[PDB]
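Participant: could you work out the structure for the sequence below:
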Amino acid sequence: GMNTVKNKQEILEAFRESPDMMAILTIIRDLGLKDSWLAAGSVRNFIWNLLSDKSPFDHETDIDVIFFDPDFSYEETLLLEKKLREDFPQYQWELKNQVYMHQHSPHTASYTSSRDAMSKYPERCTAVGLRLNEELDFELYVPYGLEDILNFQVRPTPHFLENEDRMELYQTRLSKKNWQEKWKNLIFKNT
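Facilitator: Residues are numbered from 1 along each chain as shown. Let me share the structure:
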């Protein structure tokens, strides 16, 4: 049955059909963090595997949970990360405050919001979001279009090619990624 997916609708139905993919969402909702949501590879995992006859629902891959809280302490960010993983070892909560993201990258001044931080990820297919809203829907964000994910493309954003130092961060962080190694139809690009 559920397999013949080429579009958002057919993917989003499968997300909610999974208890575990839902669970990870319902928890980050109640977390009371500001400006956070599930974005990048976490959300992508249930979408790429879906189209590759893999396990979209394994819950045993990394869980990108960015946020923006300039009022929350640098250290408390790392403290809260351990609390996520202690209380719930079964998931791989990656808690990263994007405020302090000036030191771990080249020319990356502070973002306006989580969606802006998204359009400034190392790849276009990475610049994507999924969470619930006030109606308990699927909020989606695809700043480059859905097709980058459906065709399994790995290209940099235009925000990267503008600055050679940002390209050097991408290229270095390409080779050690087991992309094509997990997915036998994963396209690589530089543009």
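
Participant: what about the strands in the protein?
Facilitator: For the chain, the strands defined by DSSP state E cover 37-39, 62-67, 92-97, 129-131, 139-141, 153-154, 187-188.

Participant: pick the most buried one from the ones you listed.
Facilitator: The highest average neighbour count among the strands of the chain, using mean count of other CB atoms under 10 Å, belongs to strand 37-39 at a mean of 23. Yep, even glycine has a C-beta here, placed from its N, CA and C like the rest.

Participant: so what does that one touch, helix or strand wise?
Facilitator: Judged by 3 or more CB pairs under 8 Å, 6 or more residues apart in numbering; DSSP states H and E, strand 37-39 is in contact with helix 19-30, strand 62-67, helix 114-118, strand 129-131.

Participant: turn those into JSON lines, including distance to residue 100.
Facilitator: Formatted as JSON lines, these follow (distance: least, CB to CB, whole Å):
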{"stretch": "helix 19-30", "distance to residue 100": "20"}
{"stretch": "strand 62-67", "distance to residue 100": "11"}
{"stretch": "helix 114-118", "distance to residue 100": "12"}
{"stretch": "strand 129-131", "distance to residue 100": "21"}
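
Participant: of all these, which lies closest to residue 177?
Facilitator: strand 62-67 (11.8 Å; CB to CB).
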